[PDB]
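Working notes, beginning with the structure itself.
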Amino acid sequence: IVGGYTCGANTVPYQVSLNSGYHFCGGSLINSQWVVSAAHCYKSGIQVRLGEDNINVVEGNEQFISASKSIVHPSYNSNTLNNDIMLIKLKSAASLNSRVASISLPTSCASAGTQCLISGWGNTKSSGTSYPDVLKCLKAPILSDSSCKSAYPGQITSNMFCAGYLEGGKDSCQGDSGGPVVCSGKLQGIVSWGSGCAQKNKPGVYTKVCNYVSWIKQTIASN
Amino acid sequence: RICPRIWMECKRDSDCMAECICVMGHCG
Ligand SMILES: [Ca+2]
């Protein structure tokens, strides 16, 4: 997250870290046995880490559970990143408590102008590199459809939305993929892609979760 | 360009995903 602040230990209880020997993507806990992340984050042998703040230090509230299976969306396109969503089933159910909790699925799509919360352990610099040890947070509004398409001509589909600032300076970044965009207590987005990080007129692009609610509900209940 | 926000190490541009490039050892 570039231009953000520090969330505070366990204040974003649904945030998880996908680990393959190292943190590479984020995710969102939707129920005791399921996590939603981005399809481009797929890897075999993923270990999900819940209740984390400082990813380097063991603080006592962590839960490390292996992924039992990963379902990539049937129409995911790795070239265009269309339908960039994936479901990960945990090998064992996570113990829910004050530090580990699920986030609600939306009933309707969010409108332009709505303030959302984006979080992750990704790069904190637009130029260069700096990876945080503690979870970072960013408050950003959903941008209008027109703004998004003009920023990325011919690259925005109906399953994507832009969130951020056209002035640049604040945005999600590498290492934030698969993480949550929560608006009004509901999971509206998934960190997906962008052109650089926090660049002028180049806001982040997120997977529009409201278009996948029935698919998610069906999958979770059938596996 | 289209560059996924996944953390990934690299030795050359070709190691990265989609239109991401290897900027000093990290895809971006
Ligand atoms: Ca830790």
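Each chain of the structure tokens is named A, B, ... in the order shown, its residues numbered from 1; ligands are numbered from 1 in display order.
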
Counting only C-alpha atoms, which residues of chain A come no farther than 8 Å from chain B, as a PDB file with N, CA and C atoms, in the first residue's frame?
```pdb
ATOM      1  N   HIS A  23       5.302 -14.391   1.872  1.00  0.00           N
ATOM      2  CA  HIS A  23       4.025 -13.759   1.571  1.00  0.00           C
ATOM      3  C   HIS A  23       4.085 -13.297   0.117  1.00  0.00           C
ATOM      4  N   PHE A  24       3.074 -13.625  -0.682  1.00  0.00           N
ATOM      5  CA  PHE A  24       3.065 -13.180  -2.078  1.00  0.00           C
ATOM      6  C   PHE A  24       1.736 -12.526  -2.488  1.00  0.00           C
ATOM      7  N   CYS A  25       0.671 -12.840  -1.754  1.00  0.00           N
ATOM      8  CA  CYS A  25      -0.663 -12.305  -2.023  1.00  0.00           C
ATOM      9  C   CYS A  25      -1.473 -12.262  -0.731  1.00  0.00           C
ATOM     10  N   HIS A  40      -4.876 -14.885 -10.309  1.00  0.00           N
ATOM     11  CA  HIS A  40      -3.468 -14.827 -10.685  1.00  0.00           C
ATOM     12  C   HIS A  40      -2.541 -15.170  -9.508  1.00  0.00           C
ATOM     13  N   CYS A  41      -3.120 -15.347  -8.319  1.00  0.00           N
ATOM     14  CA  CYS A  41      -2.358 -15.707  -7.120  1.00  0.00           C
ATOM     15  C   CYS A  41      -2.290 -17.222  -6.953  1.00  0.00           C
ATOM     16  N   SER A  78      -5.892 -15.101 -18.013  1.00  0.00           N
ATOM     17  CA  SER A  78      -4.604 -14.624 -17.524  1.00  0.00           C
ATOM     18  C   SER A  78      -3.967 -13.488 -18.320  1.00  0.00           C
ATOM     19  N   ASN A  79      -4.433 -13.266 -19.545  1.00  0.00           N
ATOM     20  CA  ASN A  79      -3.890 -12.205 -20.396  1.00  0.00           C
ATOM     21  C   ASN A  79      -4.546 -10.852 -20.148  1.00  0.00           C
ATOM     22  N   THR A  80      -5.854 -10.866 -19.920  1.00  0.00           N
ATOM     23  CA  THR A  80      -6.617  -9.642 -19.686  1.00  0.00           C
ATOM     24  C   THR A  80      -6.975  -9.442 -18.216  1.00  0.00           C
ATOM     25  N   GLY A 122       1.789  -5.197   0.924  1.00  0.00           N
ATOM     26  CA  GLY A 122       2.546  -4.931  -0.286  1.00  0.00           C
ATOM     27  C   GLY A 122       3.474  -3.738  -0.205  1.00  0.00           C
ATOM     28  N   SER A 172      -2.826   0.738  -4.038  1.00  0.00           N
ATOM     29  CA  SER A 172      -2.363  -0.561  -3.577  1.00  0.00           C
ATOM     30  C   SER A 172      -1.116  -0.825  -4.469  1.00  0.00           C
ATOM     31  N   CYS A 173      -0.369  -1.896  -4.222  1.00  0.00           N
ATOM     32  CA  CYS A 173       0.846  -2.141  -5.004  1.00  0.00           C
ATOM     33  C   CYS A 173       1.238  -3.616  -4.951  1.00  0.00           C
ATOM     34  N   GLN A 174       2.339  -3.989  -5.610  1.00  0.00           N
ATOM     35  CA  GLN A 174       2.786  -5.385  -5.612  1.00  0.00           C
ATOM     36  C   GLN A 174       2.870  -5.965  -4.201  1.00  0.00           C
ATOM     37  N   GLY A 175       2.231  -7.119  -4.014  1.00  0.00           N
ATOM     38  CA  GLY A 175       2.183  -7.775  -2.713  1.00  0.00           C
ATOM     39  C   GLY A 175       0.807  -7.619  -2.063  1.00  0.00           C
ATOM     40  N   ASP A 176      -0.021  -6.758  -2.652  1.00  0.00           N
ATOM     41  CA  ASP A 176      -1.377  -6.492  -2.165  1.00  0.00           C
ATOM     42  C   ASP A 176      -2.441  -7.345  -2.872  1.00  0.00           C
ATOM     43  N   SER A 177      -2.059  -7.976  -3.984  1.00  0.00           N
ATOM     44  CA  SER A 177      -2.969  -8.818  -4.773  1.00  0.00           C
ATOM     45  C   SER A 177      -3.803  -9.802  -3.976  1.00  0.00           C
ATOM     46  N   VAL A 191      -7.926  -6.782  -4.801  1.00  0.00           N
ATOM     47  CA  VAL A 191      -6.787  -6.124  -5.446  1.00  0.00           C
ATOM     48  C   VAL A 191      -6.348  -6.992  -6.635  1.00  0.00           C
ATOM     49  N   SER A 192      -6.335  -6.400  -7.822  1.00  0.00           N
ATOM     50  CA  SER A 192      -5.979  -7.157  -9.009  1.00  0.00           C
ATOM     51  C   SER A 192      -4.760  -6.636  -9.779  1.00  0.00           C
ATOM     52  N   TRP A 193      -4.873  -5.468 -10.398  1.00  0.00           N
ATOM     53  CA  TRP A 193      -3.765  -4.934 -11.183  1.00  0.00           C
ATOM     54  C   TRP A 193      -3.740  -3.423 -11.320  1.00  0.00           C
ATOM     55  N   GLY A 194      -2.729  -2.937 -12.032  1.00  0.00           N
ATOM     56  CA  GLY A 194      -2.582  -1.516 -12.285  1.00  0.00           C
ATOM     57  C   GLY A 194      -1.334  -1.285 -13.121  1.00  0.00           C
ATOM     58  N   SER A 195      -1.127  -0.041 -13.544  1.00  0.00           N
ATOM     59  CA  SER A 195       0.045   0.336 -14.330  1.00  0.00           C
ATOM     60  C   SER A 195       0.933   1.116 -13.356  1.00  0.00           C
ATOM     61  N   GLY A 196       1.919   0.426 -12.796  1.00  0.00           N
ATOM     62  CA  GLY A 196       2.785   1.037 -11.807  1.00  0.00           C
ATOM     63  C   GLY A 196       1.972   1.097 -10.524  1.00  0.00           C
TER      64      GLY A 196
END
```

- Message: For ligand 1, return the neighbouring residues as a VMD selection string (distance at most 6 Å; only C-alpha atoms and all ligand atoms).
- Response: chain A and resid 52 to 59

- Message: I'd like the contact shell of residue 73 in chain A - 12 Å cut-off, only C-alpha atoms, skipping same-chain residues fewer than 6 positions apart - returned as a PyMOL selection string.
- Response: chain A and resi 36-40+42+81-88+207+212+215-216+219

Please report, as a short mmCIF file (atom, residue, chain, number, x, y, z; two decimals) with N, CA, C and O atoms, in the first residue's frame, each residue of chain A to which DSSP assigns strand (DSSP E) when run on this structure's backbone.
```cif
data_model
loop_
_atom_site.label_atom_id
_atom_site.label_comp_id
_atom_site.auth_asym_id
_atom_site.auth_seq_id
_atom_site.Cartn_x
_atom_site.Cartn_y
_atom_site.Cartn_z
N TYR A 5 -1.57 4.23 5.91
CA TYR A 5 -1.26 4.29 7.33
C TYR A 5 -1.26 2.86 7.86
O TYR A 5 -1.53 1.92 7.12
N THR A 6 -0.94 2.70 9.13
CA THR A 6 -0.89 1.38 9.75
C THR A 6 -2.25 1.06 10.34
O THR A 6 -2.80 1.84 11.12
N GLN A 15 -8.55 -10.23 7.02
CA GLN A 15 -7.35 -10.22 6.18
C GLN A 15 -6.47 -11.44 6.43
O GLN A 15 -6.18 -11.79 7.56
N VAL A 16 -6.08 -12.12 5.36
CA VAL A 16 -5.20 -13.27 5.47
C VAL A 16 -4.01 -13.07 4.54
O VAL A 16 -4.03 -12.23 3.64
N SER A 17 -2.97 -13.86 4.78
CA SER A 17 -1.77 -13.81 3.99
C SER A 17 -1.62 -15.17 3.32
O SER A 17 -1.84 -16.19 3.96
N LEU A 18 -1.34 -15.17 2.01
CA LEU A 18 -1.12 -16.41 1.28
C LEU A 18 0.40 -16.53 1.30
O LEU A 18 1.10 -15.59 0.89
N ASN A 19 0.90 -17.67 1.76
CA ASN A 19 2.33 -17.89 1.91
C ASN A 19 2.85 -19.15 1.21
O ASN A 19 2.30 -20.24 1.37
N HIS A 23 5.30 -14.39 1.87
CA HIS A 23 4.02 -13.76 1.57
C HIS A 23 4.08 -13.30 0.12
O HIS A 23 5.06 -12.66 -0.28
N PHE A 24 3.07 -13.62 -0.68
CA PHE A 24 3.07 -13.18 -2.08
C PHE A 24 1.74 -12.53 -2.49
O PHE A 24 1.69 -11.70 -3.40
N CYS A 25 0.67 -12.84 -1.75
CA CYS A 25 -0.66 -12.31 -2.02
C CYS A 25 -1.47 -12.26 -0.73
O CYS A 25 -1.13 -12.92 0.25
N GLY A 26 -2.53 -11.45 -0.74
CA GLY A 26 -3.42 -11.35 0.40
C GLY A 26 -4.69 -12.11 0.07
O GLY A 26 -4.78 -12.74 -1.00
N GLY A 27 -5.68 -12.05 0.95
CA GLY A 27 -6.95 -12.73 0.73
C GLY A 27 -7.95 -12.29 1.78
O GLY A 27 -7.59 -11.56 2.70
N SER A 28 -9.20 -12.74 1.65
CA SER A 28 -10.25 -12.38 2.60
C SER A 28 -10.98 -13.63 3.10
O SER A 28 -11.42 -14.45 2.29
N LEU A 29 -11.10 -13.78 4.42
CA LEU A 29 -11.79 -14.93 5.00
C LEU A 29 -13.31 -14.69 4.88
O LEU A 29 -13.79 -13.65 5.32
N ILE A 30 -14.04 -15.59 4.22
CA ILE A 30 -15.50 -15.41 4.08
C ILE A 30 -16.34 -16.29 5.02
O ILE A 30 -17.50 -16.00 5.29
N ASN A 31 -15.74 -17.37 5.50
CA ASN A 31 -16.35 -18.27 6.48
C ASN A 31 -15.22 -19.11 7.06
O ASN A 31 -14.10 -19.06 6.55
N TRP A 34 -13.38 -21.03 4.14
CA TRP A 34 -13.11 -20.47 2.82
C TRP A 34 -12.51 -19.08 2.77
O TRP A 34 -12.90 -18.20 3.53
N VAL A 35 -11.60 -18.90 1.81
CA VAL A 35 -10.93 -17.62 1.58
C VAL A 35 -11.08 -17.24 0.10
O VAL A 35 -11.04 -18.11 -0.77
N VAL A 36 -11.31 -15.96 -0.16
CA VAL A 36 -11.41 -15.47 -1.54
C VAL A 36 -10.17 -14.62 -1.84
O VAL A 36 -9.75 -13.80 -1.01
N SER A 37 -9.56 -14.86 -2.99
CA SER A 37 -8.37 -14.12 -3.41
C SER A 37 -8.42 -13.97 -4.94
O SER A 37 -9.45 -14.29 -5.55
N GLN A 47 -0.13 -21.96 1.90
CA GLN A 47 -0.41 -22.01 3.32
C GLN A 47 -1.05 -20.67 3.66
O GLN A 47 -0.50 -19.61 3.35
N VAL A 48 -2.23 -20.72 4.26
CA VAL A 48 -2.94 -19.51 4.62
C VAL A 48 -2.64 -19.13 6.07
O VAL A 48 -2.69 -19.98 6.96
N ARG A 49 -2.30 -17.87 6.28
CA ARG A 49 -1.97 -17.38 7.61
C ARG A 49 -3.00 -16.34 8.06
O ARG A 49 -3.18 -15.30 7.41
N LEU A 50 -3.71 -16.66 9.14
CA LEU A 50 -4.74 -15.78 9.67
C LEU A 50 -4.32 -15.17 10.99
O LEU A 50 -3.44 -15.69 11.66
N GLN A 63 -2.85 -18.31 12.96
CA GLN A 63 -3.40 -19.62 12.64
C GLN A 63 -2.88 -19.91 11.24
O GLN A 63 -3.10 -19.12 10.32
N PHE A 64 -2.08 -20.96 11.11
CA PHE A 64 -1.51 -21.35 9.82
C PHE A 64 -2.21 -22.64 9.40
O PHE A 64 -2.08 -23.67 10.07
N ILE A 65 -2.96 -22.57 8.31
CA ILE A 65 -3.69 -23.73 7.80
C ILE A 65 -3.37 -23.87 6.32
O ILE A 65 -3.30 -22.88 5.60
N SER A 66 -3.11 -25.10 5.88
CA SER A 66 -2.79 -25.37 4.48
C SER A 66 -4.07 -25.26 3.65
O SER A 66 -5.18 -25.45 4.17
N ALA A 67 -3.92 -24.91 2.38
CA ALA A 67 -5.06 -24.82 1.48
C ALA A 67 -5.33 -26.25 1.02
O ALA A 67 -4.39 -26.96 0.69
N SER A 68 -6.59 -26.69 1.08
CA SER A 68 -6.91 -28.05 0.63
C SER A 68 -7.23 -28.07 -0.86
O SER A 68 -6.95 -29.06 -1.54
N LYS A 69 -7.84 -27.00 -1.37
CA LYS A 69 -8.14 -26.90 -2.79
C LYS A 69 -8.39 -25.46 -3.21
O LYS A 69 -8.87 -24.65 -2.42
N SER A 70 -8.03 -25.14 -4.45
CA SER A 70 -8.19 -23.80 -5.00
C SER A 70 -9.02 -23.82 -6.28
O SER A 70 -8.64 -24.47 -7.26
N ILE A 71 -10.14 -23.11 -6.28
CA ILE A 71 -11.02 -23.07 -7.43
C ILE A 71 -10.87 -21.74 -8.16
O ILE A 71 -11.23 -20.69 -7.63
N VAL A 72 -10.32 -21.80 -9.37
CA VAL A 72 -10.13 -20.61 -10.20
C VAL A 72 -11.42 -20.42 -10.98
O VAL A 72 -12.05 -21.40 -11.38
N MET A 86 -10.65 -16.18 -7.19
CA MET A 86 -10.38 -17.57 -6.86
C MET A 86 -10.82 -17.85 -5.43
O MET A 86 -10.79 -16.96 -4.58
N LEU A 87 -11.25 -19.09 -5.19
CA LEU A 87 -11.69 -19.53 -3.88
C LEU A 87 -10.75 -20.60 -3.35
O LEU A 87 -10.38 -21.53 -4.07
N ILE A 88 -10.34 -20.46 -2.10
CA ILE A 88 -9.44 -21.41 -1.48
C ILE A 88 -10.12 -22.05 -0.27
O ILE A 88 -10.60 -21.34 0.61
N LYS A 89 -10.20 -23.37 -0.27
CA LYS A 89 -10.81 -24.09 0.83
C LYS A 89 -9.68 -24.48 1.77
O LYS A 89 -8.63 -24.94 1.31
N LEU A 90 -9.89 -24.28 3.06
CA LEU A 90 -8.89 -24.61 4.08
C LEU A 90 -8.96 -26.08 4.45
O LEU A 90 -10.04 -26.67 4.47
N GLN A 115 -16.63 5.49 -0.06
CA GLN A 115 -15.32 5.31 0.56
C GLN A 115 -15.11 3.86 0.96
O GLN A 115 -15.98 3.26 1.59
N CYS A 116 -13.97 3.30 0.59
CA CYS A 116 -13.65 1.91 0.92
C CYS A 116 -12.31 1.81 1.63
O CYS A 116 -11.53 2.77 1.66
N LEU A 117 -12.07 0.66 2.25
CA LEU A 117 -10.85 0.39 2.97
C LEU A 117 -10.09 -0.72 2.25
O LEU A 117 -10.60 -1.84 2.08
N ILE A 118 -8.86 -0.42 1.86
CA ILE A 118 -8.00 -1.37 1.17
C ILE A 118 -6.83 -1.64 2.13
O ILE A 118 -6.31 -0.72 2.76
N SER A 119 -6.44 -2.90 2.25
CA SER A 119 -5.34 -3.26 3.15
C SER A 119 -4.42 -4.32 2.56
O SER A 119 -4.82 -5.08 1.68
N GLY A 120 -3.18 -4.36 3.03
CA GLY A 120 -2.25 -5.36 2.55
C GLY A 120 -0.83 -5.16 3.04
O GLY A 120 -0.53 -4.14 3.66
N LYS A 136 -0.81 -2.66 6.38
CA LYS A 136 -1.09 -1.27 6.06
C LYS A 136 -2.52 -1.12 5.55
O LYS A 136 -3.09 -2.06 4.98
N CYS A 137 -3.08 0.07 5.75
CA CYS A 137 -4.45 0.39 5.35
C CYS A 137 -4.51 1.65 4.53
O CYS A 137 -3.67 2.53 4.67
N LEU A 138 -5.54 1.74 3.69
CA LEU A 138 -5.75 2.91 2.84
C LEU A 138 -7.25 3.12 2.61
O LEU A 138 -7.98 2.17 2.31
N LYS A 139 -7.70 4.35 2.77
CA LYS A 139 -9.10 4.68 2.52
C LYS A 139 -9.16 5.31 1.13
O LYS A 139 -8.46 6.29 0.86
N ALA A 140 -9.96 4.74 0.24
CA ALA A 140 -10.07 5.26 -1.12
C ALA A 140 -11.49 5.14 -1.68
O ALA A 140 -12.20 4.17 -1.40
N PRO A 141 -11.92 6.11 -2.50
CA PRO A 141 -13.26 6.09 -3.09
C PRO A 141 -13.29 5.32 -4.41
O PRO A 141 -12.28 5.19 -5.11
N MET A 160 -14.65 -5.29 -13.51
CA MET A 160 -13.58 -4.52 -12.88
C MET A 160 -14.04 -3.12 -12.53
O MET A 160 -14.93 -2.58 -13.16
N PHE A 161 -13.41 -2.53 -11.52
CA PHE A 161 -13.69 -1.14 -11.17
C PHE A 161 -12.40 -0.49 -10.70
O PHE A 161 -11.45 -1.17 -10.31
N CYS A 162 -12.32 0.83 -10.85
CA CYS A 162 -11.15 1.58 -10.41
C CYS A 162 -11.43 2.22 -9.07
O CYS A 162 -12.53 2.69 -8.81
N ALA A 163 -10.42 2.25 -8.22
CA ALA A 163 -10.54 2.87 -6.91
C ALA A 163 -9.21 3.55 -6.63
O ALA A 163 -8.16 3.02 -6.99
N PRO A 180 -8.56 -7.49 0.24
CA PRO A 180 -9.87 -6.84 0.32
C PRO A 180 -10.01 -5.34 0.09
O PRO A 180 -9.12 -4.54 0.38
N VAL A 181 -11.18 -5.00 -0.45
CA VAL A 181 -11.61 -3.62 -0.66
C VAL A 181 -12.99 -3.71 -0.01
O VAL A 181 -13.90 -4.35 -0.53
N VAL A 182 -13.10 -3.18 1.20
CA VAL A 182 -14.35 -3.25 1.95
C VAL A 182 -15.03 -1.90 1.98
O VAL A 182 -14.41 -0.89 2.28
N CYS A 183 -16.32 -1.89 1.63
CA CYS A 183 -17.09 -0.65 1.62
C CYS A 183 -18.38 -0.96 2.36
O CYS A 183 -19.05 -1.94 2.04
N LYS A 186 -18.92 -4.55 3.68
CA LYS A 186 -19.09 -5.61 2.69
C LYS A 186 -17.90 -5.68 1.74
O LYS A 186 -17.33 -4.65 1.38
N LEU A 187 -17.53 -6.89 1.35
CA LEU A 187 -16.42 -7.11 0.43
C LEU A 187 -16.83 -6.75 -1.00
O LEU A 187 -17.51 -7.53 -1.67
N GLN A 188 -16.41 -5.58 -1.48
CA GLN A 188 -16.76 -5.14 -2.82
C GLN A 188 -15.66 -5.38 -3.86
O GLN A 188 -15.96 -5.50 -5.06
N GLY A 189 -14.41 -5.49 -3.43
CA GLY A 189 -13.34 -5.69 -4.39
C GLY A 189 -12.20 -6.57 -3.96
O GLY A 189 -12.12 -6.99 -2.80
N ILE A 190 -11.35 -6.89 -4.93
CA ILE A 190 -10.17 -7.74 -4.73
C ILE A 190 -9.04 -7.04 -5.48
O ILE A 190 -9.22 -6.67 -6.65
N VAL A 191 -7.93 -6.78 -4.80
CA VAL A 191 -6.79 -6.12 -5.45
C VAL A 191 -6.35 -6.99 -6.63
O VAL A 191 -6.05 -8.18 -6.48
N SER A 192 -6.33 -6.40 -7.82
CA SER A 192 -5.98 -7.16 -9.01
C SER A 192 -4.76 -6.64 -9.78
O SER A 192 -3.71 -7.27 -9.76
N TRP A 193 -4.87 -5.47 -10.40
CA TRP A 193 -3.77 -4.93 -11.18
C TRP A 193 -3.74 -3.42 -11.32
O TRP A 193 -4.60 -2.72 -10.79
N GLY A 194 -2.73 -2.94 -12.03
CA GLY A 194 -2.58 -1.52 -12.29
C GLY A 194 -1.33 -1.29 -13.12
O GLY A 194 -0.60 -2.24 -13.42
N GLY A 204 -5.68 1.99 -9.16
CA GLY A 204 -5.71 0.55 -9.10
C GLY A 204 -7.00 0.01 -9.70
O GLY A 204 -8.02 0.69 -9.71
N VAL A 205 -6.94 -1.21 -10.21
CA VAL A 205 -8.07 -1.90 -10.82
C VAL A 205 -8.37 -3.11 -9.95
O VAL A 205 -7.46 -3.87 -9.59
N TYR A 206 -9.64 -3.29 -9.61
CA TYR A 206 -10.09 -4.35 -8.72
C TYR A 206 -11.19 -5.21 -9.34
O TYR A 206 -11.97 -4.75 -10.18
N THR A 207 -11.25 -6.47 -8.91
CA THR A 207 -12.27 -7.39 -9.38
C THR A 207 -13.59 -7.00 -8.67
O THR A 207 -13.60 -6.80 -7.46
N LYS A 208 -14.66 -6.82 -9.45
CA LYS A 208 -15.97 -6.42 -8.93
C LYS A 208 -16.68 -7.63 -8.34
O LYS A 208 -17.39 -8.35 -9.05
#
```

- Two-atom distance - CA of residue 135 in chain A, CA of residue 103 in chain A (Å):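 Going from CA of residue 135 in chain A over to CA of residue 103 in chain A, I get 17.0 Å.
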
- Hey, can you check how far CA of residue 152 in chain A sits from CA of residue 185 in chain A?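 Atom-to-atom, CA of residue 152 in chain A and CA of residue 185 in chain A are spaced 28.4 Å apart.
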
- Task: Looking only at helix (DSSP H, G or I) from DSSP on the backbone, list the matching residues of range 131-169 of chain A as an MDAnalysis selection string.
- Result: chainID A and resid 145:151
